[PDB]
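Q: Here it is, the structure in full.
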Amino acid sequence: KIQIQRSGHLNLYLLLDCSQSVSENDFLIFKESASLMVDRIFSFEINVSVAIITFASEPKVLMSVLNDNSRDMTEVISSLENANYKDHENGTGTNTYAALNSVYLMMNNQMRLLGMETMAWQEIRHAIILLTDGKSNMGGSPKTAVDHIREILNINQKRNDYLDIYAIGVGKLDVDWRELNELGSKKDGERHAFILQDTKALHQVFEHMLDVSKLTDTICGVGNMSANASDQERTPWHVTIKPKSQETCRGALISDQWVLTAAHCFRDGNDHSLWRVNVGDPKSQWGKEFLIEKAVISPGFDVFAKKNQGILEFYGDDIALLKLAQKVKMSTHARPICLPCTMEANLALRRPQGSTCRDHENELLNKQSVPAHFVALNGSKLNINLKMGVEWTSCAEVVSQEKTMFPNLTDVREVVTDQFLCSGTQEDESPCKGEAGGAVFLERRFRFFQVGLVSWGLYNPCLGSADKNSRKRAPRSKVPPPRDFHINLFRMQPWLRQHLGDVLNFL
Amino acid sequence: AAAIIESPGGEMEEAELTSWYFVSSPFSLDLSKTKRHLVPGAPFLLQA
Amino acid sequence: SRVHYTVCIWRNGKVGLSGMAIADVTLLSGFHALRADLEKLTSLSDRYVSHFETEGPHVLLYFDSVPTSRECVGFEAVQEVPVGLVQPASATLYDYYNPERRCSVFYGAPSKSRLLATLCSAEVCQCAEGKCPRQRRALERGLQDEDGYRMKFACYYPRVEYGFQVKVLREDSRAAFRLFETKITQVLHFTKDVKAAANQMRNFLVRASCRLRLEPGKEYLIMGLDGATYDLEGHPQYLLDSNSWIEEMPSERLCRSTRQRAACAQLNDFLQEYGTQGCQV
Amino acid sequence: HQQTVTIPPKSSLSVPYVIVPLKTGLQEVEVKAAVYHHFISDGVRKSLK
Amino acid sequence: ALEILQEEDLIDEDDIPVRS
Amino acid sequence: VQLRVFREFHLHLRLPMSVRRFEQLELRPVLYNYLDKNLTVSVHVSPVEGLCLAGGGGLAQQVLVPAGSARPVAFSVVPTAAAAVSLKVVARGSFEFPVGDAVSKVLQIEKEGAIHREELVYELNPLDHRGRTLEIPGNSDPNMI
Amino acid sequence: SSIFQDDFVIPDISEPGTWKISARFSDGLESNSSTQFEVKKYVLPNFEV
Amino acid sequence: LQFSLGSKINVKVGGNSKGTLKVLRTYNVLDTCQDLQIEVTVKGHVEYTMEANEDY
Ligand SMILES: *[C@@H]1O[C@H](CO)[C@@H](O)[C@H](O)[C@H]1NC(C)=O
Ligand SMILES: *[C@@H]1O[C@H](CO)[C@@H](O)[C@H](O)[C@H]1NC(C)=O
Ligand SMILES: *[C@@H]1O[C@H](CO)[C@@H](O)[C@H](O)[C@H]1NC(C)=O
Ligand SMILES: *[C@@H]1O[C@H](CO)[C@@H](O)[C@H](O)[C@H]1NC(C)=O
Ligand SMILES: *[C@@H]1O[C@H](CO)[C@@H](O)[C@H](O)[C@H]1NC(C)=O
Ligand SMILES: *[C@@H]1O[C@H](CO)[C@@H](O)[C@H](O)[C@H]1NC(C)=O
Ligand SMILES: [Mg+2]
């Protein structure tokens with residue numbers, strides 16, 4: 001397993017087969033797989049050094065770990081992009097020994113530099129990922145080179161975790177399972193050699209090929225992405241508010257000790273005692289319960305303020321903050337969620353230093369139909385489409401049809417303030433009753449950002465009490481079309497900053 | 001001394017006894033509780 | 001379905017600890033002994049075994065007088081499940097009063113050897129267990145492939161780390177390994193044996209438990225995996241195990257006729273391409 | 001018809017079955033369950049009218 | 001083969017825990 | 001507080017303390033079947049580098065354990081490794097009776113040769129001039145590995 | 001905290017015998033107390049007789 | 001005291017008490033039943049499955 005932690009260095013050596021035994025399409029599969037792997041690894045913003053060595057009858061080095069540019073994602077991506085399949089026409093044999101000896105030469109050159117006795121070299125871990133069919137027909141047995149690799153790093157029983165050799169064969173090409181198993185490192189409780197069919201399965205397997213368990217710093221957005229993980233692992237920021245043994249409103253962790261939730265959950269309660277926030281826990285499946293010490297309600301929120309004018313309910317300024325009385329120990333089951341208009345969101349998007357949230361708004365909501373997700377009652381993740389631009393104008397018009405609740409004309413300027421986002425149109429799901437406050441997030445560069453929280457809607461698909469899982473479907477003839485809404489976080493920056501200026505670092 | 005052999009496992013283990021004395025009386029007496037040189041004119045309690 | 005055993009015990013160390021013994025033998029991997037024969041042995045007037053206990057593959061016997069000369073006592077066993085692999089079993093004999101004075105002996109199946117075959121020479125003791133190869137006379141018989149009978153075998157499914165064309169001079173035997181002394185005419189491919197060249201002698205070892213044989217005088221082509229043992233002169237020694245390509249090279253005497261000359265052409269194309277080019281594909 | 005189901009610790013799992021009766025009287029409905037590595041082979045039989 | 005052989009109808013061998 | 005553990009069907013493996021390399025040994029794992037149903041299992045040892053198994057390494061032996069009984073399986077092995085190996089034996093049952101167990105243990109290999117101890121007794125009396133300073137000669141035995 | 005924990009390694013070639021560990025107050029010369037543990041080459045048994 | 005050195009060492013003594021010194025050096029050295037004997041012979045036919053290493 002490729003260990004992830006804040007201490008040390010991770011030298012990644014990606015070897016790609018470039019022989020006659022792999023065709024051009026298989027080489028494209030290998031290249032896109034390596035691109036995906038190098039993209040995912042850099043998402044954790046750790047110290048990583050990546051070296052690309054496409055190998056054939058002779059070993060050709062495309063980028064050097066010793067080179068100081070190995071700590072840049074775009075440079076490595078561009079260097080891998082310039083790989084050529086025809087560069088090895090003179091020699092089309094598979095020479096695994098050449099690649100392994102090139103890796104050994106790189107490692108020895110690094111060892112001579114900076115001094116072997118220095119702890120900086122001692123704390124370096126290695127990970128060699130070979131994408132090949134394994135049929136190495138010349139140059140010598142891989143065992144000699146592997147033993148040489150072990151001896152240079154003196155990989156004993158105690159230091160067995162400092163060298164990981166993988167052998168992943170992805171594509172239609174025939175793969176000898178025995179050879180791939182022999183090439184991969186032999187460890188007691190994990191698999192190091194795989195055979196696959198496409199790149200999505202490789203993404204899943206690579207998601208299993210890491211362990212963020214040793215990482216416990218306050219990083220936002222980072223979360224699992226494999227489909228075989230628990231529902232809480234995929235959305236660690238999901239926390240829940242329990243008034244009295246009931247499971248009413250959801251939330252999102254925005255810091256070590258803060259939670260952001262809708263303000264209409266705390267309608268008729270000022271006794272913060274007996275209120276418990278359920279937070280995911282690595283051990284128990286029901287989570288650990290925390291106590292809230294300060295609940296802040298937006299002063300501009302008043303449901304019945306426009307009652308006389310004809311607006312039965314107006315959900316403006318529907319936002320609240322919670323401060324747990326105890327610090328949440330970050331783990332693999334609970335991590336914050338990236339909020340925009342802050343330094344960490346800028347860092348997670350790999351944007352220039354001199355950025356402003358005016359650019360963040362366009363970067364994160366450029367499309368006229370931006371995909372987004374929110375968490376269901378049972379913990380699953382659903383899909384919606386936030387609509388901006390001219391497409392937003394048609395959205396609010398549908399509310400005017402619902403004159404049974406507000407008899408007035410109810411145009412966009414009156415009921416649907418600019419603070420709300422569309423959803424629920426065409427092939428889009430709608431939240432049930434009991435999902436208010438749940439983050440409406442979106443994924444960018446393998447990192448999750450929050451761009452709003454559920455506020456209200458026009459149809460509850462959980463009215464039928466079949467189960468907590470079954471969800472009704474709105475009939476096509478259902479007179480009010482489903483048209484949900486979510487408070488937009490960007491418009492609420494003036495309220496956010498003065499309440500969280502010290503906790504975070506806003507732009 | 002005994003050395004039993006498990007079957008069909010094959011493992012063998014041994015035990016020995018070194019406490020089966022030959023005696024001429026199946027009981028014993030411990031008069032350490034009894035006092036000594038006790039007063040006259042009062043009952044003398046013999047404790048065994 | 002049944003096999004007859006035989007247990008012979010004696011002592012030549014009467015100076016040391018003496019007395020009785022417990023003969024604990026382990027039957028084969030699936031057999032189990034007959035209780036009737038052991039009962040007949042024990043219930044004799046001049047009984048030789050005084051106590052016994054049979055359970056599955058385990059037989060325990062108690063000999064009350066270990067003699068100085070050979071004294072064999074036999075019984076019978078039946079078979080329950082097939083023997084999944086060839087292996088030698090064990091038979092131990094403890095001393096009654098001091099069980100630490102034991103004697104363990106390995107024994108084999110009615111036709112196999114008592115110890116696992118292993119190629120051992122000085123420090124290296126490379127294993128030689130598995131299957132033994134066949135003498136594939138592909139050229140003599142009629143068959144055809146598109147650079148697949150030999151080039152595929154050398155570059156696609158198995159990876160041959162060495163390949164030579166050699167002449168068989170002398171045949172010999174060494175323990176359980178049949179030895180062939182050969183001389184290298186031309187080197188086709190090598191990885192570790194760099195010192196190999198023309199007019200250099202090499203040794204080929206094959207287990208003497210099967211029918212493979214290399215006739216003297218003939219010229220052969222040898223290809224397979226590189227070994228780990230060395231000869232008495234300090235040169236590498238190769239074991240003719242499975243997944244190894246051995247084929248006698250025709251002398252053109254039985255090839256001049258039209259039918260086999262095409263196969264000979266495919267041969268020469270192979271050897272030339274493999275010798276000149278480094279295992280393409 | 002056989003289904004392999006994993007039961008979470010300190011929990012329970014419901015396996016639904018569909019039966020349509022085309023005969024009258026009392027008939028037996030039996031389900032056989034065998035646990036893995038726990039030797040438990042408990043199966044329950046009931047009578048449906 | 002004196003008796004029957006139940007080959008490849010056995011447990012997966014991956015679900016059997018290893019005690020070390 | 002006595003606290004006993006049990007499996008009702010398990011593999012027991014007892015390796016010796018150490019074994020000289022290249023010297024043939026026999027492993028005797030025993031299957032214990034304390035269940036109430038007569039069984040049948042297949043036992044094989046996972047091949048690993050440094051061990052010269054019999055048959056190649058991947059072969060398995062069919063062995064049946066009656067109710068409330070035990071059965072041993074013999075595996076001849078000559079360890080040709082250098083320092084140590086980790087050998088694992090797996091027993092897998094049928095789908096009718098879904099039982100099995102796997103045991104992995106480290107087999108240590110001792111260094112070539114034997115242990116030799118040399119003692120040098122030395123009197124000492126600082127009440128005399130001669131004993132005030134003294135010298136210890138080295139060992140020139142050419143049998144040291 | 002009135003507790004002292006420590007580890008030490010027996011030499012590999014140690015002959016069988018009984019080792020003794022003592023502990024006394026620094027000020028009090030005769031305030032010692034001892035425990036014993038046997039050193040012996042063994043393999044843990046499977047059953048007791 | 002356990003220690004590891006080469007092949008020459010000197011001893012410097014103080015004090016005024018008789019005693020006995022011992023230097024013990026342990027190192028590796030170069031390397032059929034003796035008294036009790038046993039032999040087992042097997043005769044019969046044994047049936048194998050997927051074991052016979054003879055092809056064709
Ligand atoms: C990563 O590397 C940088 C640059 O050498 C160093 O300052 C930093 O401490 C390292 N660790 C982390 C966790 O960023
Ligand atoms: C996910 O789990 C399923 C069984 O639920 C398994 O078949 C599949 O291989 C697993 N996927 C990965 C990528 O490990
Ligand atoms: C994702 O989840 C899997 C399954 O729980 C876990 O083993 C793996 O380490 C995780 N990968 C990450 C967090 O990158
Ligand atoms: C969770 O509930 C949703 C509601 O739409 C349903 O589609 C999904 O199958 C459920 N997931 C589970 C039960 O894992
Ligand atoms: C198991 O084996 C015994 C003989 O050892 C046989 O008689 C019996 O029928 C088998 N089945 C059981 C005990 O259920
Ligand atoms: C303490 O040490 C003395 C010798 O100084 C010894 O005789 C005595 O038994 C020791 N007391 C113990 C071990 O309790
Ligand atoms: Mg190839």
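Every chain in the structure tokens takes a letter, A first, then B, and so on in the order presented; its residues are numbered from 1, and the ligands are numbered from 1 following the presented order.
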Can you work out which residues from chain B touch chain F at a cut-off of 10 Å (counting only C-alpha atoms) and hand them back as a list in words?
A: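 Those within range of chain F come out as residues 7, 8, 9, 10 and 11 of chain B.
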Q: Which residues sit within 6 Å of ligand 4, counting only C-alpha atoms and all ligand atoms, listed as a CSV table (one decimal) with C-alpha atoms, in the first residue's frame?
A:
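What ended up in out_6.csv:
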```csv
chain,number,residue,atom,x,y,z
A,378,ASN,CA,-29.8,6.7,4.1
A,380,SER,CA,-26.2,7.6,-0.4
A,469,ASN,CA,-34.8,4.2,1.5
A,470,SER,CA,-37.8,4.1,-0.9
A,471,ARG,CA,-38.3,7.4,-2.8
```
Q: Under the rule that only C-alpha atoms are counted, which of E:9, E:2, E:20, E:15 is the nearest residue to chain D?
A: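 Result for the nearest residue to chain D: E:15.
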Q: With DSSP run on the backbone, what are the strand (DSSP E or B) residues within segment 139-234 of chain A? I'd like them as number ranges by chain.
A: A: 163-169, 193-195, 210-211
Q: Grab the residues selected above and save them as a PDB file, in the first residue's frame with C-alpha atoms.
A:
```pdb
ATOM      1  CA  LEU A 163       9.459  -0.556  -1.044  1.00  0.00           C
ATOM      2  CA  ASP A 164       6.258  -1.370  -2.945  1.00  0.00           C
ATOM      3  CA  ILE A 165       6.402  -2.903  -6.431  1.00  0.00           C
ATOM      4  CA  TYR A 166       3.129  -3.178  -8.353  1.00  0.00           C
ATOM      5  CA  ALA A 167       2.328  -4.861 -11.671  1.00  0.00           C
ATOM      6  CA  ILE A 168      -0.938  -3.689 -13.247  1.00  0.00           C
ATOM      7  CA  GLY A 169      -1.941  -4.990 -16.663  1.00  0.00           C
ATOM      8  CA  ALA A 193      -0.467  -7.367  -8.981  1.00  0.00           C
ATOM      9  CA  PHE A 194      -3.755  -6.844 -10.823  1.00  0.00           C
ATOM     10  CA  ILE A 195      -5.267  -7.485 -14.247  1.00  0.00           C
ATOM     11  CA  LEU A 210      -3.783   3.919  -0.792  1.00  0.00           C
ATOM     12  CA  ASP A 211      -4.361   4.516   2.915  1.00  0.00           C
TER      13      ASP A 211
END
```
Q: Check every residue of chain A for an atom within 6 Å of chain C, counting only C-alpha atoms, and provide those that qualify as a ChimeraX atom specification.
A: /A:20-21,93,137,140
Q: Counting only C-alpha atoms and all ligand atoms, what are the residues, protein, DNA or RNA alike, that approach ligand 2 to within 8 Å? I want them as a list in words.
A: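 Listing the residues within 8 Å of ligand 2 gives residues 201, 202, 204, 205, 208, 226, 227 and 228 of chain A.
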Q: Suppose we keep N, CA and C atoms; can you now write the selection as a short mmCIF file (atom, residue, chain, number, x, y, z; two decimals), in the first residue's frame?
A:
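Writing done, so here's out04.cif:
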```cif
data_model
loop_
_atom_site.label_atom_id
_atom_site.label_comp_id
_atom_site.auth_asym_id
_atom_site.auth_seq_id
_atom_site.Cartn_x
_atom_site.Cartn_y
_atom_site.Cartn_z
N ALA A 201 -11.96 0.76 -13.76
CA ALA A 201 -11.59 -0.28 -12.81
C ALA A 201 -10.23 0.02 -12.20
N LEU A 202 -9.31 0.58 -12.99
CA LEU A 202 -8.02 0.98 -12.44
C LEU A 202 -8.17 2.12 -11.45
N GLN A 204 -10.78 2.57 -9.49
CA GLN A 204 -11.27 1.92 -8.27
C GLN A 204 -10.14 1.21 -7.53
N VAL A 205 -9.34 0.43 -8.25
CA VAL A 205 -8.29 -0.35 -7.60
C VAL A 205 -7.23 0.57 -7.00
N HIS A 208 -8.34 1.80 -3.82
CA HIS A 208 -7.99 0.85 -2.76
C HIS A 208 -6.49 0.76 -2.50
N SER A 226 -13.81 5.12 -3.92
CA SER A 226 -14.15 3.78 -4.35
C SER A 226 -15.60 3.46 -4.00
N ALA A 227 -16.22 2.62 -4.83
CA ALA A 227 -17.62 2.26 -4.62
C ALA A 227 -17.79 1.14 -3.60
N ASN A 228 -16.70 0.56 -3.10
CA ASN A 228 -16.77 -0.51 -2.12
C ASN A 228 -16.54 -0.03 -0.69
#
```
Q: What residues of the protein or nucleic acid chains come within 12 Å of ligand 5 when you use only C-alpha atoms and all ligand atoms? Reply as a PyMOL selection string.
A: (chain C and resi 32+55-56+80) or (chain F and resi 33-40+64-71+97)
Q: Would you mind exporting N, CA, C and O atoms of the selected residues as a tab-separated table (two decimals), in the first residue's frame?
A:
```
chain	number	residue	atom	x	y	z
C	32	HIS	N	-4.32	-46.55	5.60
C	32	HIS	CA	-4.51	-46.87	7.01
C	32	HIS	C	-4.37	-48.38	7.19
C	32	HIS	O	-4.84	-49.15	6.35
C	55	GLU	N	-4.42	-45.87	14.20
C	55	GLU	CA	-5.44	-44.84	14.00
C	55	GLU	C	-5.07	-44.04	12.76
C	55	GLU	O	-4.10	-43.28	12.78
C	56	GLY	N	-5.86	-44.18	11.70
C	56	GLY	CA	-5.58	-43.51	10.45
C	56	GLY	C	-4.23	-43.88	9.89
C	56	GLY	O	-3.90	-45.06	9.73
C	80	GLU	N	-7.66	-45.29	1.41
C	80	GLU	CA	-8.92	-44.56	1.52
C	80	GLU	C	-9.06	-43.48	0.45
C	80	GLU	O	-10.07	-43.42	-0.24
F	33	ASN	N	-11.16	-31.94	14.04
F	33	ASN	CA	-12.56	-31.86	13.62
F	33	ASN	C	-13.41	-32.22	14.83
F	33	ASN	O	-13.68	-33.40	15.08
F	34	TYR	N	-13.83	-31.21	15.59
F	34	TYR	CA	-14.67	-31.41	16.75
F	34	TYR	C	-16.15	-31.20	16.43
F	34	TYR	O	-16.98	-31.19	17.35
F	35	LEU	N	-16.49	-31.03	15.16
F	35	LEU	CA	-17.87	-30.90	14.75
F	35	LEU	C	-18.57	-32.25	14.82
F	35	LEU	O	-17.94	-33.31	14.93
F	36	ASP	N	-19.90	-32.22	14.75
F	36	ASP	CA	-20.70	-33.44	14.82
F	36	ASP	C	-20.94	-34.06	13.45
F	36	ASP	O	-21.66	-35.06	13.37
F	37	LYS	N	-20.38	-33.50	12.38
F	37	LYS	CA	-20.59	-34.00	11.03
F	37	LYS	C	-19.27	-34.48	10.43
F	37	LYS	O	-18.28	-33.75	10.44
F	38	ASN	N	-19.28	-35.71	9.94
F	38	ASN	CA	-18.14	-36.28	9.22
F	38	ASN	C	-17.82	-35.40	8.02
F	38	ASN	O	-18.71	-34.98	7.28
F	39	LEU	N	-16.53	-35.13	7.81
F	39	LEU	CA	-16.09	-34.10	6.87
F	39	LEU	C	-15.12	-34.67	5.84
F	39	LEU	O	-14.81	-35.86	5.82
F	40	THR	N	-14.65	-33.78	4.97
F	40	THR	CA	-13.62	-34.07	3.98
F	40	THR	C	-13.05	-32.74	3.50
F	40	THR	O	-13.81	-31.84	3.13
F	64	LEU	N	-9.65	-36.82	4.76
F	64	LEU	CA	-10.97	-36.75	5.39
F	64	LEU	C	-10.83	-36.99	6.88
F	64	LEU	O	-10.12	-37.91	7.31
F	65	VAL	N	-11.49	-36.16	7.68
F	65	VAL	CA	-11.42	-36.20	9.13
F	65	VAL	C	-12.79	-36.63	9.66
F	65	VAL	O	-13.78	-35.91	9.47
F	66	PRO	N	-12.91	-37.80	10.29
F	66	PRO	CA	-14.21	-38.22	10.83
F	66	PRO	C	-14.67	-37.30	11.96
F	66	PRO	O	-13.97	-36.40	12.40
F	67	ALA	N	-15.90	-37.55	12.41
F	67	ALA	CA	-16.48	-36.74	13.47
F	67	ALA	C	-15.72	-36.94	14.78
F	67	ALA	O	-15.47	-38.08	15.19
F	68	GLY	N	-15.37	-35.84	15.43
F	68	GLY	CA	-14.64	-35.89	16.68
F	68	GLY	C	-13.31	-36.61	16.59
F	68	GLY	O	-12.99	-37.44	17.44
F	69	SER	N	-12.52	-36.30	15.56
F	69	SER	CA	-11.26	-37.00	15.34
F	69	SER	C	-10.26	-36.05	14.71
F	69	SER	O	-10.58	-34.92	14.34
F	70	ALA	N	-9.02	-36.53	14.59
F	70	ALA	CA	-7.92	-35.76	14.02
F	70	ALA	C	-7.22	-36.60	12.97
F	70	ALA	O	-7.27	-37.83	12.99
F	71	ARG	N	-6.55	-35.91	12.04
F	71	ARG	CA	-5.79	-36.56	10.99
F	71	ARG	C	-4.56	-35.72	10.67
F	71	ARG	O	-4.69	-34.49	10.53
F	97	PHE	N	-20.24	-28.64	3.42
F	97	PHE	CA	-19.79	-28.31	4.77
F	97	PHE	C	-18.75	-27.20	4.66
F	97	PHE	O	-17.55	-27.48	4.52
```
Q: Near residue 128 of chain A, within 12 Å and counting only C-alpha atoms, which residues show up once chain neighbours fewer than 6 positions away are dropped, as a PyMOL selection string?
A: chain A and resi 1-2+10-16+49-53+99-100+102-104+107+146+149+162-168+183-185+192-193
Q: Could you please take those selected residues and save C-alpha atoms as a compact mmCIF listing (two decimals), in the first residue's frame?
A:
```txt
# COMPACT_ATOMS: atom_id res chain seq x y z
CA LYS A 1 0.00 0.00 0.00
CA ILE A 2 1.26 3.46 -0.99
CA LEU A 10 7.32 9.40 -1.74
CA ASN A 11 9.39 8.60 -4.83
CA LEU A 12 7.02 7.32 -7.52
CA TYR A 13 8.54 5.45 -10.48
CA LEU A 14 6.01 4.81 -13.26
CA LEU A 15 7.22 2.25 -15.80
CA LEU A 16 5.28 1.79 -19.04
CA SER A 49 8.36 12.91 -6.58
CA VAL A 50 7.28 11.20 -9.81
CA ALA A 51 9.60 9.70 -12.43
CA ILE A 52 8.40 8.41 -15.81
CA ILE A 53 10.49 5.75 -17.57
CA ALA A 99 13.82 -0.39 -16.72
CA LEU A 100 14.68 -1.83 -13.31
CA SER A 102 17.43 2.57 -14.84
CA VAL A 103 15.36 2.90 -11.66
CA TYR A 104 18.32 1.55 -9.67
CA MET A 107 18.07 5.66 -6.83
CA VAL A 146 14.65 -6.62 -7.58
CA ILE A 149 16.80 -2.76 -5.34
CA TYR A 162 9.79 1.17 2.35
CA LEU A 163 9.46 -0.56 -1.04
CA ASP A 164 6.26 -1.37 -2.95
CA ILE A 165 6.40 -2.90 -6.43
CA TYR A 166 3.13 -3.18 -8.35
CA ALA A 167 2.33 -4.86 -11.67
CA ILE A 168 -0.94 -3.69 -13.25
CA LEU A 183 6.86 -9.21 -10.65
CA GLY A 184 4.78 -7.65 -7.88
CA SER A 185 6.09 -7.47 -4.34
CA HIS A 192 0.21 -6.05 -5.45
CA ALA A 193 -0.47 -7.37 -8.98
```
